[PDB]
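Written out below as structure tokens is the structure these notes cover.
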Amino acid sequence: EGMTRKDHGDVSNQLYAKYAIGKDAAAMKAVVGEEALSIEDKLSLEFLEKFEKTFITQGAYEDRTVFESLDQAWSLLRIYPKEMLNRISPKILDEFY
Amino acid sequence: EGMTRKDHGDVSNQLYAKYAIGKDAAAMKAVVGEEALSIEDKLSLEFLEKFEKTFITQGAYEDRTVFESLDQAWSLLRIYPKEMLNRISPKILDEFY
Amino acid sequence: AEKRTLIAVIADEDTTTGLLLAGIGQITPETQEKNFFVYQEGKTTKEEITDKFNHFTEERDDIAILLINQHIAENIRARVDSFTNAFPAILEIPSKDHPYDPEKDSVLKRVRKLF
Amino acid sequence: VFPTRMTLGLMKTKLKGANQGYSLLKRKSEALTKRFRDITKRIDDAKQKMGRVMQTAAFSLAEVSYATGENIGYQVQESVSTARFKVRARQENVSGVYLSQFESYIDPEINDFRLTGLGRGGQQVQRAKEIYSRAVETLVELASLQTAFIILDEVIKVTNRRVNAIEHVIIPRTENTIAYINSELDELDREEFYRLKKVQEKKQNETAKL
Amino acid sequence: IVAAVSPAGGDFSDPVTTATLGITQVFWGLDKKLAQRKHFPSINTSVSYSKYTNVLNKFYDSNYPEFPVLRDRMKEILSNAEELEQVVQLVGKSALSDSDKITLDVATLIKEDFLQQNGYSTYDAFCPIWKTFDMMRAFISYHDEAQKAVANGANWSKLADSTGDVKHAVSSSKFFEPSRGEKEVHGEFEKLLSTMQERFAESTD
Amino acid sequence: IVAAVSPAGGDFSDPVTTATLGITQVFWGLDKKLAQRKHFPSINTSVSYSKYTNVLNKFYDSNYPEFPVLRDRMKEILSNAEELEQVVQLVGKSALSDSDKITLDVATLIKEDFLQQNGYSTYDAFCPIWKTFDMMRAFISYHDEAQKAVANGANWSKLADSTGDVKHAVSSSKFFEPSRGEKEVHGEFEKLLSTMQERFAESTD
Amino acid sequence: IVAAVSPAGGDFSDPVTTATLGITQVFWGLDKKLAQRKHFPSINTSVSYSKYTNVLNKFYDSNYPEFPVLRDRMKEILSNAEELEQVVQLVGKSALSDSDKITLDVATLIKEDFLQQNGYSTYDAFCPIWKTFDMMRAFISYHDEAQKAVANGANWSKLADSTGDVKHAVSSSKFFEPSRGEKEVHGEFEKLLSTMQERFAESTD
């Protein structure tokens, strides 16, 4: 703490696992179509596009402090319910969705 | 054009592209089944054999006129619509085909 | 897709009569060949059902769904099993005064193995 | 036999093609069999349900045929020359594959047939058609799943063969070929250095003695 | 310095190429399969980079063009096509999203008009930046209108059939030479944008 | 000069094999899978050649044999068999037609019966020029009759079932001595021709 | 001697890893997956062997533990289970019997109790020979009776609802002291045998 937060470790687990699943979902979408896809895969897809286009993407002269990064992370993960978030302690999950 | 024709370079260019697709379609045909085939590809599979066994084949003693060669090229190409062609300018095509 | 809008029947006489009244089948006005086949139980040879089977599935093409009685379908078991197409659909329903049997149902057998 | 000098690059991409196919095709297979199971339980029930309805409508029609003292069915066969209940076909994407679905229409431009007015026997047929049109509608609406089912049954069998084929044959062929070429390849680079070192040793001897 | 690199043993794993890529900041691809098919020079966005890009698109912004915006979309159309092609080869087509089909179609247009040109474009003796920008601008506008059009509801097929006249017109672009508008800005392409907008109107409703 | 060579590299691309392959006139390949089943010496048409065959076949034609026509038909039966065999393993035999189903089967018989020359007899090890001809003739007559019969209306399973005993008799033919009939041209092979012809009438109808 | 080996060329085909596996008679696999799941070590019976095993268990057999019999039966249950999982994937659970479902449960226990550790208690931190022995004795004891009872007219669902308290107790043994029965022979197990027998009377009836 004091250059990180406590909630840093749990989040690192949620975002990596969800992201991986997001890549797998993109391939499945191309095959099944948009009007025949799963709910769980649909969520994973939405996450892939936002994750890429907000978390990873930053501007040339835009500084991303670690505290700043962690907030953007909660917006992305929010789309999943609490039921699908679980590599996060319920303590954290209740603080920040 | 004075000892060949202007279409000599165009008619050659068409026959490479079609032969190339026919060859990839053949490889895919073995592995997956006839599931990855499409209309152009089925046509391309026939083209491959047609070309191989009429065009390339000839006797040891046999010799060939270049102008002759060019009518046999056109013949093989006659089994494809013209809208699917694009390695020949539409001016050139109209004259000799 | 759409190129078929008759439902053909292989069934006992009463069941068929009823179905026609309700309006599903017809006797065509330019072929003059029925697009239904009535059956007198036990009084009609197994060979006549088979000709009629071929007729709805193959020799006709305006048949959408082929309805067939379990009692009858069993007699000509070989021909039904060998038919595996979806054009027309094969749907076996219980015969009159006969209960369900999974083994007079050609499709259910097929599905069970190789699941 | 396959090219020795830097096949590695193409052969690696072959592996990546293969690999992508196992995961994706397995997802696709997984999803089709998950659906297949859902249909299975529906179709099984629907067979029993159609049978009960068909036997009950058939018995009411039979009773009537016998009471009037003439066989209605003959009368009925002349009059049938159209069908009220027909189907209209649609292709529906259930996963990537197109299945046949049907949606039923009742022609309102189609009148009642004339098999009534027979006297007391005519009342009996008139009540009879009304139960039967309701009954027959059941059979067709339930039947729409069957055609989709049969197709689903054929396609899953093909998709199942393809996963097994890429997994067992294709991927290990890419491994073994890659390896064969690797082993020759590293040795061409190594032996060269040894050849150089052997010639240089002779050279150092001569030069040193001067 | 334009220095040609080519094989000295392997395809790119030869010493020459390995060293040169290290030091070069601009690389423009050339695929062999497309070469035999006659679609050279073929630039592949995975086998191509420029490190000069950021200073260069800001330079072209000063010159007049919107250029940086067009670059990102050009990249996106080529980029998704390669991944969707890999699903096409293995699985096949029995389904391929409404959006995914559009990307493939438009990428063909880009191949044919740009990538293929070497004695096949009757004007190629010197092509201005504005004209390139104007041509690509029509392609990208056709793309965004098309994907919106399937989503707000309208079949993919109705959308191909109605776009019709303009679609051919972009297909034919390559032969056209500055002869309308300015000396570098071409009217046939400027006309094209507005007609495109009218096609979208017919196509959505 | 007949010379055996071997790898020591576990490939066929090694110097020893390669330098001989360059120079050699006739090449008799080695297919490890067939040999694993035992078929000494083991070959396919795709791994072997004789540049000398043409001039040899005209010479054999004078001698009695129908040899030229049989050389072209032999290559053709093996070559078709190879392509279809990939399709069967991966996709299924479901795509294949009954004539091509036959192609695998006649070809299998040729593998077991020809290639295998280890024997436990000198009749299963020595096959005279005449004995080799009769055998090949008998087998092609089967294949041609077989593709026709299924064509005008018969099955691969049904056809297989009717010849049945007559198929075993051609398999076991090889064991029989060559010193009988006219010389090695037996009456045993000549009668067999008639029985194939008869079988053809049954099979079709 | 315990030596770690790792890729030396980015492959496991490195001379080192392959040379040492030859010399050693013990091989114990290690996985990323089991470590993320919090099983430390990570040894499975598919990625391991020990040929020293015959002599060791024999040694153990002397002291008090029934070790040799128990251990062979443990290897087999984990092996047989893997195969039964593959069916769950393809067909599903509508082609598996009560007896096959039972194999899965026992296997889950073996894995849970032995393989998964993380220092949960000062009972995972150190375990004697005796506690290891009591754990497996309990799992096999349940396995034979349970399968026997489904053969005699019971259901996996039935076995599950009645077993309840005794079954959770064997799963949790790893958190509790082994010092309950004596001082290093565990009482939580010794009482279990009697309850499991009693359990089975109720289950059959």
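Ligands are numbered from 1 in the order shown, chains are lettered A, B, ... in the order of the structure tokens, and residues start at 1 in each chain.
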- Item | chain B on chain A, all Cα pairs in order, RMSD | 1.8 Å
- Message: With 10 Å as the limit and counting only C-alpha atoms, what residues in chain C lie close to chain G? Please list them as a PyMOL selection string.
- Response: chain C and resi 112-115
Mind dumping the selected residues with N, CA, C and O atoms as a PDB file, in the first residue's frame?
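Contents of selection-v2.pdb, freshly written:
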ATOM      1  N   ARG C 112     -29.869 -42.028 -30.383  1.00  0.00           N
ATOM      2  CA  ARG C 112     -29.382 -42.691 -29.193  1.00  0.00           C
ATOM      3  C   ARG C 112     -27.922 -43.147 -29.326  1.00  0.00           C
ATOM      4  O   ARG C 112     -27.106 -42.797 -28.476  1.00  0.00           O
ATOM      5  N   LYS C 113     -27.551 -43.905 -30.408  1.00  0.00           N
ATOM      6  CA  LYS C 113     -26.212 -44.280 -30.702  1.00  0.00           C
ATOM      7  C   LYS C 113     -25.543 -43.056 -31.256  1.00  0.00           C
ATOM      8  O   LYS C 113     -26.084 -42.137 -31.923  1.00  0.00           O
ATOM      9  N   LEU C 114     -24.227 -42.970 -30.940  1.00  0.00           N
ATOM     10  CA  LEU C 114     -23.367 -41.904 -31.383  1.00  0.00           C
ATOM     11  C   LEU C 114     -23.789 -40.545 -30.916  1.00  0.00           C
ATOM     12  O   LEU C 114     -23.983 -39.579 -31.661  1.00  0.00           O
ATOM     13  N   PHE C 115     -24.006 -40.433 -29.602  1.00  0.00           N
ATOM     14  CA  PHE C 115     -24.521 -39.215 -29.104  1.00  0.00           C
ATOM     15  C   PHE C 115     -23.457 -38.186 -28.912  1.00  0.00           C
ATOM     16  O   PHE C 115     -22.466 -38.531 -28.237  1.00  0.00           O
TER      17      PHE C 115
END
- Message: Set the distance at 7 Å and use only C-alpha atoms: which residues neighbour region 43-51 of chain F once local chain neighbours fewer than 6 positions away are removed? I'd like the list as a list in words.
- Response: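 What passes the distance filter is residues 25, 26, 27, 28, 29, 30, 31, 75, 78 and 79 of chain F.
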- Message: Please find the residues of chain E near chain D - the criterion being any atom within 12 Å, counting only C-alpha atoms - and write them as a list in words.
- Response: residues 7, 8, 9, 10, 11, 12, 13, 14, 15, 83, 84, 85, 86, 87, 88, 89, 90, 91, 92, 93, 94, 95, 96 and 97 of chain E
Let's have the selection written as a CSV table (one decimal), in the first residue's frame, with C-alpha atoms.
chain,number,residue,atom,x,y,z
E,7,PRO,CA,16.3,-14.3,-49.8
E,8,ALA,CA,19.8,-15.6,-49.3
E,9,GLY,CA,18.6,-19.1,-48.2
E,10,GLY,CA,15.3,-19.0,-46.1
E,11,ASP,CA,12.3,-16.8,-46.6
E,12,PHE,CA,13.0,-14.0,-44.0
E,13,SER,CA,15.4,-16.2,-41.7
E,14,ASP,CA,18.4,-15.8,-43.9
E,15,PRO,CA,21.0,-13.5,-42.3
E,83,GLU,CA,-8.3,-13.7,-38.6
E,84,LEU,CA,-11.7,-14.4,-40.1
E,85,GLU,CA,-10.0,-16.0,-43.2
E,86,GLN,CA,-8.4,-18.6,-40.8
E,87,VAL,CA,-11.9,-19.5,-39.4
E,88,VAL,CA,-13.2,-19.6,-43.0
E,89,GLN,CA,-10.5,-22.1,-44.1
E,90,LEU,CA,-10.8,-24.6,-41.3
E,91,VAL,CA,-14.5,-24.5,-40.3
E,92,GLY,CA,-15.9,-23.3,-43.5
E,93,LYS,CA,-18.7,-20.9,-44.2
E,94,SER,CA,-22.2,-21.9,-43.2
E,95,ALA,CA,-22.3,-18.8,-41.1
E,96,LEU,CA,-20.1,-15.7,-40.9
E,97,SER,CA,-21.5,-12.5,-39.2
- Task: Name the residues of region 21-185 of chain F that come out as strand (DSSP E or B) in a backbone DSSP run; write them as a PyMOL selection string.
- Result: chain F and resi 26-27+49-50
For region 57-70 of chain G, find every residue with an atom within 10 Å (counting only C-alpha atoms), except residues of its own chain fewer than 5 positions away, and show them as a PDB file with C-alpha atoms, in the first residue's frame.
ATOM      1  CA  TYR G  52      11.684 -48.172  -6.834  1.00  0.00           C
ATOM      2  CA  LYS G  75      -3.161 -45.863  -8.897  1.00  0.00           C
ATOM      3  CA  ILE G 129       3.505 -42.539   7.552  1.00  0.00           C
ATOM      4  CA  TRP G 130       0.537 -43.588   9.647  1.00  0.00           C
ATOM      5  CA  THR G 132      -1.064 -41.407   4.957  1.00  0.00           C
ATOM      6  CA  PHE G 133      -1.988 -45.037   5.642  1.00  0.00           C
ATOM      7  CA  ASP G 134      -5.245 -44.355   7.461  1.00  0.00           C
ATOM      8  CA  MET G 136      -6.172 -44.471   1.869  1.00  0.00           C
ATOM      9  CA  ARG G 137      -7.511 -47.352   4.034  1.00  0.00           C
ATOM     10  CA  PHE G 139     -11.235 -44.523   0.701  1.00  0.00           C
ATOM     11  CA  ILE G 140     -10.876 -48.194  -0.478  1.00  0.00           C
TER      12      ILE G 140
END
- Residues at most 7 Å from region 7-23 of chain A, counting only C-alpha atoms, excluding those fewer than 6 positions away in the same chain, as a PyMOL selection string? chain A and resi 44-45+47-48+87-88+92
- Task: Write out as a list in words the residues lying within 12 Å of residue 114 (chain G), counting only C-alpha atoms and excluding same-chain residues fewer than 5 positions away.
- Result: residues 39, 40, 41, 42, 43, 44, 74, 107, 108, 109, 124, 127, 131, 132, 133, 134, 135, 136, 139, 170, 171, 172, 173 and 174 of chain G
Filtering to N, CA and C atoms, could you give me those residues as a CSV table (one decimal), in the first residue's frame?
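After the write, out00.csv holds the following:
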chain,number,residue,atom,x,y,z
G,39,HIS,N,-2.6,-26.8,-5.3
G,39,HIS,CA,-2.0,-28.0,-5.0
G,39,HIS,C,-0.6,-27.9,-5.2
G,40,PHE,N,0.2,-28.3,-4.2
G,40,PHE,CA,1.6,-28.1,-4.2
G,40,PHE,C,2.2,-29.3,-3.5
G,41,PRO,N,2.9,-30.2,-4.0
G,41,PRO,CA,3.4,-30.4,-5.4
G,41,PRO,C,2.2,-30.7,-6.3
G,42,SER,N,2.5,-31.2,-7.5
G,42,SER,CA,1.6,-31.3,-8.6
G,42,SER,C,1.9,-32.6,-9.3
G,43,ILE,N,1.8,-33.7,-8.6
G,43,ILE,CA,2.1,-35.0,-9.2
G,43,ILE,C,0.8,-35.7,-9.5
G,44,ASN,N,0.8,-36.2,-10.7
G,44,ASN,CA,-0.3,-37.0,-11.3
G,44,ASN,C,0.3,-38.3,-11.8
G,74,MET,N,-5.0,-47.6,-5.3
G,74,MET,CA,-5.0,-46.2,-5.5
G,74,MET,C,-4.7,-45.7,-6.9
G,107,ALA,N,-12.0,-41.1,-6.4
G,107,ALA,CA,-10.9,-40.4,-7.1
G,107,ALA,C,-10.7,-39.0,-6.7
G,108,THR,N,-11.8,-38.3,-6.5
G,108,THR,CA,-11.9,-36.9,-6.1
G,108,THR,C,-11.3,-36.7,-4.7
G,109,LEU,N,-11.7,-37.7,-3.8
G,109,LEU,CA,-11.2,-37.8,-2.5
G,109,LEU,C,-9.7,-38.0,-2.3
G,124,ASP,N,-0.2,-30.5,7.7
G,124,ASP,CA,-0.1,-30.5,6.2
G,124,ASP,C,1.4,-30.3,6.1
G,127,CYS,N,3.3,-34.7,8.2
G,127,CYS,CA,2.4,-35.9,8.2
G,127,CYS,C,3.2,-37.1,8.4
G,131,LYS,N,-0.8,-41.6,9.2
G,131,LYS,CA,-1.8,-40.7,8.8
G,131,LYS,C,-2.2,-40.9,7.3
G,132,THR,N,-1.1,-41.1,6.4
G,132,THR,CA,-1.1,-41.4,5.0
G,132,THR,C,-1.8,-42.7,4.7
G,133,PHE,N,-1.5,-43.7,5.6
G,133,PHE,CA,-2.0,-45.0,5.6
G,133,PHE,C,-3.4,-45.1,6.0
G,134,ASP,N,-3.9,-44.4,7.0
G,134,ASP,CA,-5.2,-44.4,7.5
G,134,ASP,C,-6.2,-43.8,6.4
G,135,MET,N,-5.7,-42.7,5.7
G,135,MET,CA,-6.5,-42.0,4.7
G,135,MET,C,-6.9,-42.9,3.6
G,136,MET,N,-5.8,-43.6,3.0
G,136,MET,CA,-6.2,-44.5,1.9
G,136,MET,C,-7.0,-45.7,2.3
G,139,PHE,N,-10.7,-44.7,2.0
G,139,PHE,CA,-11.2,-44.5,0.7
G,139,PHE,C,-11.6,-45.8,0.0
G,170,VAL,N,-13.9,-37.8,6.5
G,170,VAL,CA,-12.7,-38.4,6.0
G,170,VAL,C,-12.0,-37.3,5.1
G,171,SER,N,-12.8,-36.4,4.5
G,171,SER,CA,-12.3,-35.3,3.6
G,171,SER,C,-11.6,-34.3,4.3
G,172,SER,N,-12.0,-34.0,5.6
G,172,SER,CA,-11.4,-33.0,6.5
G,172,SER,C,-10.3,-33.5,7.4
G,173,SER,N,-9.9,-34.8,7.2
G,173,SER,CA,-8.9,-35.4,8.1
G,173,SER,C,-7.7,-34.6,8.1
G,174,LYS,N,-7.3,-33.9,7.0
G,174,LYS,CA,-6.0,-33.3,6.8
G,174,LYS,C,-5.8,-32.0,7.7
Got a sec to pull out which chain B residues are within 10 Å of chain F, counting only C-alpha atoms, and send them as an mmCIF file with N, CA and C atoms, in the first residue's frame?
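To be explicit, this is the file written out as selection-v2.cif:
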data_model
loop_
_atom_site.group_PDB
_atom_site.id
_atom_site.type_symbol
_atom_site.label_atom_id
_atom_site.label_comp_id
_atom_site.auth_asym_id
_atom_site.auth_seq_id
_atom_site.Cartn_x
_atom_site.Cartn_y
_atom_site.Cartn_z
ATOM 1 N N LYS B 29 -9.725 -30.033 -49.112
ATOM 2 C CA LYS B 29 -10.715 -30.971 -49.546
ATOM 3 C C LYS B 29 -10.383 -32.228 -48.815
ATOM 4 N N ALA B 30 -9.092 -32.605 -48.747
ATOM 5 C CA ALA B 30 -8.755 -33.859 -48.056
ATOM 6 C C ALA B 30 -9.034 -33.915 -46.596
ATOM 7 N N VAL B 31 -8.717 -32.829 -45.837
ATOM 8 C CA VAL B 31 -8.639 -32.773 -44.411
ATOM 9 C C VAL B 31 -10.003 -32.697 -43.766
ATOM 10 N N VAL B 32 -10.753 -31.638 -44.077
ATOM 11 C CA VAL B 32 -12.016 -31.289 -43.424
ATOM 12 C C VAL B 32 -13.287 -31.949 -43.964
ATOM 13 N N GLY B 33 -13.280 -32.100 -45.308
ATOM 14 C CA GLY B 33 -14.323 -32.687 -46.041
ATOM 15 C C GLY B 33 -14.711 -31.673 -47.001
ATOM 16 N N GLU B 34 -15.912 -31.725 -47.548
ATOM 17 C CA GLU B 34 -16.438 -30.829 -48.624
ATOM 18 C C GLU B 34 -17.229 -29.693 -47.996
#
